[PDB]
Structures are given as structure tokens and as C-alpha cells.
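Residue strings, one per chain:
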There are 4 protein chains.
Amino acid sequence: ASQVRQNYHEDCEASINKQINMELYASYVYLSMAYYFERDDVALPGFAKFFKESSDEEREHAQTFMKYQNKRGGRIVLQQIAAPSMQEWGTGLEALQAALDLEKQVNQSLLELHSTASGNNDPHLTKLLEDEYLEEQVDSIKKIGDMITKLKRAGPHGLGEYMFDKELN
Amino acid sequence: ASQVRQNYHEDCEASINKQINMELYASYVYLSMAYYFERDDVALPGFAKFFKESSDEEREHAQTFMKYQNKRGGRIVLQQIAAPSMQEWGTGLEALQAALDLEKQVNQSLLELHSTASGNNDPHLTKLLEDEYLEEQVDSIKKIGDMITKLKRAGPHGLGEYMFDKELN
Amino acid sequence: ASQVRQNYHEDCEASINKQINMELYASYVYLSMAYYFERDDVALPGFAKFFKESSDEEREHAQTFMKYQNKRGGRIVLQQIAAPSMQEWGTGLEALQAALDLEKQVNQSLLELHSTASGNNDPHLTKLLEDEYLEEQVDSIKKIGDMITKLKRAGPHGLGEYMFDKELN
Amino acid sequence: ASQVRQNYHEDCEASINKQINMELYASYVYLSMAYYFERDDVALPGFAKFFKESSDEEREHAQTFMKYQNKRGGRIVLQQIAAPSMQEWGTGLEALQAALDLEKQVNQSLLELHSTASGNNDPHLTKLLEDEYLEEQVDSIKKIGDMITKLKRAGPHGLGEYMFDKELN
């Protein structure tokens, strides 16, 4: 084992590698969306900016887990990153609904990892998840829910979509 | 009696305690509205801010009356604060209409207290009400009336509600 | 359910509503004390300031729970706020002893909520309680205990009460 | 009559001259107290400062009434200023108790003048009294009451009198 490893279970190590892949995949989905909203026939620069920022945040979350793996003496194992499930994401609303679903999937995975850490009596890892992942994920979910409500109000097509896009920009 | 008490009638003292309770209740109604408009399925941050500010103002008015009670040598008696009449407040417009009604109820109570003070020849208290309560109350009622008109114009649902909410934020 | 709700148990949601009511009640008790200590026949401005600050902190803690309820997709339900148990609070020491007792009651309620959250495997809520509630509550209890000891030393009546009041102001 | 006089009754004019004399007398009492507390065998510089300030305030109130008399076209008539009722004022507490009594006497006179103005339908004069006299008088009475309570606490003789005197200085 690593000279640093202490109280770090192999199941937690493996689950962290899975989470790294999931965050990189989410990053890729959001990168896809960011550039979809910059197509000449879409031209929603607020949505584009929102998804570019989201993409960067997910990549940063993957990097934090990679740093964490090394901190604990586990070994990073990187796997293929799947293509995003779509190439075209539809309306602003459809992309936000897809984002909400993705953020809830990621949250579920993080909560499962917390359960694994808790079951293996790893309080350093439960603390990391609580402070660095679970809080950001709930805030992201609340933010996207609010945005969906606001966009539905502003009436999710036409002038309302145009105006809502300005508040993101 | 208090060493400070002079020309301060028991009916005025009692009415001031009633007014403290009414202002705290109004504060509580507006607090309820403020967080209703921050629900993920409502997401009207301008309305939320407006009602949070209104809540703070009503609490400050209650505190000013508590300080006044002590200044005159009366004794503050605090009673239960009723639950707000609703848990969910409907549309932006419905909440403003409820607020207008509440502000008029509070104004009527203040005007009754002015009449009690005047009838007991208490010019210190009539001055307090005129300067610190009645003017703010009329301004509040005018402001909410204007807001209702503006929201009805901007057409009180959908995009217009979304846009009006921005002017409050 | 809310579009945002995930891993949020109805018992936790209900317990948060109870905690909101308890914090608003504590706020009301401390507001009562703040103005009691500004009576002309009491005139302890340090104690008044201490209890006004405490009142504001408890109100802010209620608001943080209201924001939290919305963040998780639960629904705020507001109830009547009871009158403070007293209208007159006795000596500085008696008010501090009442405050200590109240702060321990609140702490017990928070610890019960932590137990409920832990039992429902809600690490987002256990983290909130640990970081935003339980630490502040232990610090408040230690501070009030220290103050009680200091006031008993300064000999809890007369000149000593007068001098101790200055350190709060 | 004066070229400026309008809606100004002779009874109000006369009562204002009486009030000028009363405020000058109060000023003289407080001047007496201020220098009593600077005797070598008294040496309470906080009390001295407090009464010197009170003396100046009462003189300023007399001057405001003199200016008011001229503003309305009445004619100032100045009378003898009585010697203060005492040459030696006893303890700090006895002087504050004498001051409270004097401030209540002055308040009663002002309230009588308000009643005279109101009865003669003189709203310019009722406004003056409310804004420039009655509010300051209530604040003064509250302040002196608080001081009496604080001094009785700090235990009105000996070390406590010495320490209370510092908060005034």
C-alpha cells in the first residue's frame, strides 16, 4: 500500500474512480449544451454561458476527487468518457430539464458514496462529501429548479425565452 | 406608577400593546410571503425581497412602540402572535392585494389609536403617530396601489409578472 | 413532490417546521427581555443590547431553516408564536439563568433533529445542523455560563450588576 | 398689531412669556447645581457636566420661545428670574430627584400651553410645542429616570456614586 494510506477502504477508492468518470461525463454533457446554444440557429448566449460555467464546475469536481484519491493513497483509474446522450438539446427548457435530471443522478451517486463511506467508518470521506459535493449539488438542483420555474413563467418560448436568456447572460 | 409617567392614560397604554401585537403579526405575514416567493415552484425574487423588507419594517414599527411604551412609563405586555392567515399566497397580484388589505387594516387601527390619544389630550402620542406611523402607512398604501396597477398593466401573469418582478429586485 | 426534492424525508421536513417555530419563540423571549432591561425602573443597557442581539440571532436562525426547507423542496408551515412565559424577567442574573435554560432546550431540540436526520440517512441535513446550528448553540451556552459566573462574581446585585452591565454594553 | 400677526391669541402670547421665565429659571437651577458639583468638598465632575449641559439646554429653549414670540408678532416681556430654591443640593441622587421634579413641572406647563393653543385653534403653536418642546421634555424625563435607577443600583453613595459619576463624564 501507499505510505500514506490509512483507514481507506478499497470500495471507497473504487467508488471515487466511478465518481470521477461520472463528473467528467457531466462536464462533457454541459460542454455539448454550451456550444449547442451558440449555434447560429439557436443563439441563446445566456444559456450558453450557464452551461459553459456548469461544464467547468463539473470538471473541477472531478479534479477535486482525483486530488482526494492521491491524498488518501488510492490510485486514480480513468475510463472512457461516454459521448453525451444527445447532439442537439432542443429548447432552453428541455436543456434545463435534462440538466436537472443529470444533477439528480449525480446527487444520487454522491449519496450512495456517502453511504459506502459511512458503512466503512471513513469520517474523512463523509466530511469531504458533505462539505465539497453534497452542498454544491443541492444548491445546483435548487438553482436549476428555480430557473425552470422562471422560464416557464416568462412562457418558455419566444419573447419570454429571449428575455429569460438575458438574466443568465 | 412609574417615576416618569405623566399625562399617559391607561387606555393609550393598552392600545399601544395591542398595536405592538398587530405590527408583529403583520411582520409575520410578510415573512411568510417572503419565503413563499423563494419556493422553487414560485421563484419571484423581487416579490420575495419586497416582502422581506416589509417584514423588517413592521418589526421595526413594533419595536418603536415598545421603546415608546417604556419612554412614557407604560408596561409592555406581549401576547401570542397568530399564525399567518395563509401558508400559500397565490400569485404575485394576490399577495399584493392581501398586503394592501393588511396595510389598510393596520392604518385603521393606528387612526383609532390617534383618536384615543386625541380624546385623552395626549399630544406627545398624537405627534408620535402622525410622524412615525401614519405617514409611513399612507406611503406604503400608495406604493402597493401603484404596484398593483403596474402589475395589472405588465398583465398580471406570465411574462409580465416575470418582468414586473425584476423592477422589485 | 417538488421538482427539487431528493432524499428528504417527511419527518425531517415536519421537524424543521417545529424548529422554525421554536427559534421564533426564542427570538420573542429575547425581544421581551431586551425591552424589559430598557424600562426606566430597570435601566441595564448592556443586558438590553445582549438580549436584542440574541433576539436577532434566533430570528436569523429561523430564517435559515425557512430557506433550507425551500432548498430541499419541503414546504414551510408557520404556526402561532406563543407569548413569552413572563412579562417581567427579574434581575440580570435571573434573565441569564432563564436564557441558559432556553438555550439548552433549543439545543436538545436540535440534537433530536440531528438524530432524526441521521436515522433517515440525510447527510445534507446532518451537515447543516452541525455547521449552522449545533456549533453556535454550544458557543452561546458557554458564553451565557461564563456571563453567569462573572455576574455572580461581580456579586450579582448592586454595584457589581451595574459594573457587569458595562462589559456587555 | 404687528404687520405679521395672524391667528395669534393674546392668551398664547402671554403664556409664552410665562414659559420663557420658567425655562430661564430652570436654566438657573441647573447652573446652580453644575457649580455645586464642582465644589472642592463635592467634586462630582460628571454630575457637574450633566447639569451644565441641562442649564444650556433650558436657556436655548427659552431663546427658541423668544424667537417664536417675534416670529408670530407677539412681544417678549421679561420678568425677574427667581433665585434657585436651594444653594446646596445634597447628594447626586437628591439633585437628580430635584431635576426630575423640575422637568415634570416644566412638562406640565408645556402641556397646559398646548391645551391653550389647541383651544384657540393655533396649529402653528401646537406643532411648535409638539416638535420642539414636548418630545425633548419626555426624553429628558426618561433619561433622568434611568439615571436615578442606575445610581440607586450602583448604590447611591460612596464607590457607586463615584463610579456612576464617571459614566456622565
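- Listed as the method for this PDB entry is X-ray crystallography; the listed resolution is 1.6000 Å.

1. Quick notes on the interface of chain B and chain A
- Between chain B and chain A, the contact holds 14 residues from the first and 12 residues from the second.
- Note on chain B versus chain A: buried area summed over both sides is about 1,000 Å², and carbon and sulfur give 62% of it.
- Contact with chain A buries area across many residues of chain B, yet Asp40(B), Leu159(B) and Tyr162(B) alone supply 52% of it, more than any other trio.
- In this structure, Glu161(B) engages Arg153(A) in a salt bridge whose closest nitrogen and oxygen atoms are separated by 2.9 Å.

2. Things to note about the UniProt feature "binding site: Fe(3+) 1" (unreviewed entry) in chain A
All names here are of chain A.
- Those places that UniProt annotates as "binding site: Fe(3+) 1" (unreviewed entry) correspond, in this numbering, to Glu 23 and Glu 58. What stands out for the annotated residues spanning 36 residues is how close their C-alpha atoms remain, the widest pair being 5.4 Å apart.
- Within the secondary structure layout, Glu 23 lies in helix α1 (residues 10-36).
- Setting aside residues up to four positions removed in sequence, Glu 23 forms contacts with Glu 58, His 61, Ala 62, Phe 65, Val 106, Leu 110 and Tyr 133.
- With respect to the element layout, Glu 58 can be found in helix α2 (residues 45-72).

3. So, the layout of surface pockets
- Taken as a whole, the largest pocket spans an internal volume of roughly 460 Å³.
- Lining the largest pocket are 19 residues, with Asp139(A), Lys142(A), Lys143(A), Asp146(A) and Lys150(A) positioned closest to its centre.
- Counting only elements with at least two residues in the lining of the largest pocket, the list comes to α2, α4 (123-154) and α5 (158-168) of chain A, α2 (45-72) of chain B together with α2 (45-72) of chain C.
- The element contributing the most residues to the lining of the largest pocket is α4(A), with 6 residues.
- Looking at the lining of the largest pocket residue by residue, the class counts come to 8 nonpolar, 1 polar and 10 charged.

4. A closer look at unusual backbone geometry
- Here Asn121(C), not a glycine, exhibits a phi torsion of approximately 50 degrees, which is positive.
- Structurally, the position occupied by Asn121(C) is in the loop between α3 (92-119) and α4 (123-154).
- Classification of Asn121(C) as exposed rests on a relative accessible area of 57%.
- With a phi close to 55 degrees, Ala43(D) is a non-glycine residue in the positive phi region.
- If you trace the backbone, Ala43(D) turns up in the loop between α1 (10-36) and α2 (45-72).

5. Remarks on the relation of the copies chain B and chain A
- Mapping chain B onto chain A is achieved by rotating through 90 degrees and translating by 0.0 Å along the same axis, at an RMSD of 0.0 Å. In symmetry terms, the pair is related by a four-fold rotation axis.
- Of the residues that chain B buries at the interface, just 14% are likewise interface residues in chain A, meaning the two copies contact each other through different surfaces.

6. Details of the UniProt feature "binding site: Fe cation" (unreviewed entry) in chain A
All names here are of chain A.
- The feature "binding site: Fe cation" (unreviewed entry), as given by UniProt, occupies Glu 23, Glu 58, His 61, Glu 103 and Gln 137 in the numbering adopted here. The greatest C-alpha distance among the annotated residues, which extend across 115 residues, is 12.8 Å, indicating that they converge on a single site.
- By relative accessible area, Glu 23 is classed as buried at 0%.
- Among the secondary structure elements, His 61 is positioned in helix α2.

7. Re the interface of chain C and chain B
- Taken together, the 31 residues of chain C in the interface contact 31 residues of chain B.
- The largest contributions to the chain C side of the interface with chain B come from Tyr35(C), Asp40(C) and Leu78(C), which together make up 22% of the buried area.
- In this assembly, chain C and chain B are joined by 4 salt bridges.
- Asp41(B) is paired through a salt bridge with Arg75(C); the nearest N and O atoms lie 3.3 Å apart.
- One can count 17 residue pairs in polar contact joining chain C with chain B.
- Those elements giving two or more residues to the side of chain C that touches chain B turn out to be α1 (10-36) and α2 of chain C.

Basis of the calculations
- Entry numbering is not used for residues: they are numbered from 1 along each chain in the order the sequence is written, which may differ from it, and residues without coordinates are omitted.
- Both sets of labels track the order of writing: A upward for chains, 1 upward for ligands.
- Reported quantities concern only the chains on display, which constitute a fraction of a larger assembly.
- Where side-chain values are given, they derive from all heavy atoms of the structure, hydrogens and water being excluded.
- The contact criterion used is simple: two residues touch if any of their non-hydrogen atoms lie within 4.5 Å.
- Once two parts are joined, some of their accessible surface, as seen by a 1.4 Å probe, is lost; buried area is that loss totalled over both.
- Only one rule defines a salt bridge in this text: a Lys or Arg side-chain nitrogen within 4 Å of an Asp or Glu carboxyl oxygen.
- UniProt positions are given in the numbering used here, feature names are shortened, and annotations may be inferred rather than shown by experiment.
- Helical segments are the DSSP runs of H or I of at least four residues, strand segments are the runs of E of at least two, and each set is numbered from the N terminus.
- Using only the protein atoms, space was sampled on a 1 Å grid; points where a 1.4 Å probe fits but cannot get out form cavities, open sets with protein on both sides within 12 Å along at least five of seven lines form pockets, and lining residues are those with an atom within 4 Å of a point.
- Grid points are joined across faces, edges and corners, and a volume is the space filled by probe spheres set on the points.
- Side-chain classes follow a simple rule in which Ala, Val, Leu, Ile, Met, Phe, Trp, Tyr, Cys and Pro form the nonpolar group, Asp, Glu, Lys and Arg form the charged group, and the remainder, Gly included, forms the polar group.
- Only protein chains enter the accessibility calculation, which uses a 1.4 Å probe. A residue is then buried if its area is under 20% of the maximum for its type, exposed if over 50%, and partly exposed in between.
- Each copy is superimposed on the others by a least-squares fit restricted to its C-alpha atoms.
- Under the rule applied, a polar contact is a pair of N or O atoms within 3.5 Å (in protein, one hydrogen donor and one hydrogen acceptor; residues adjacent in sequence only if both atoms are side-chain atoms).

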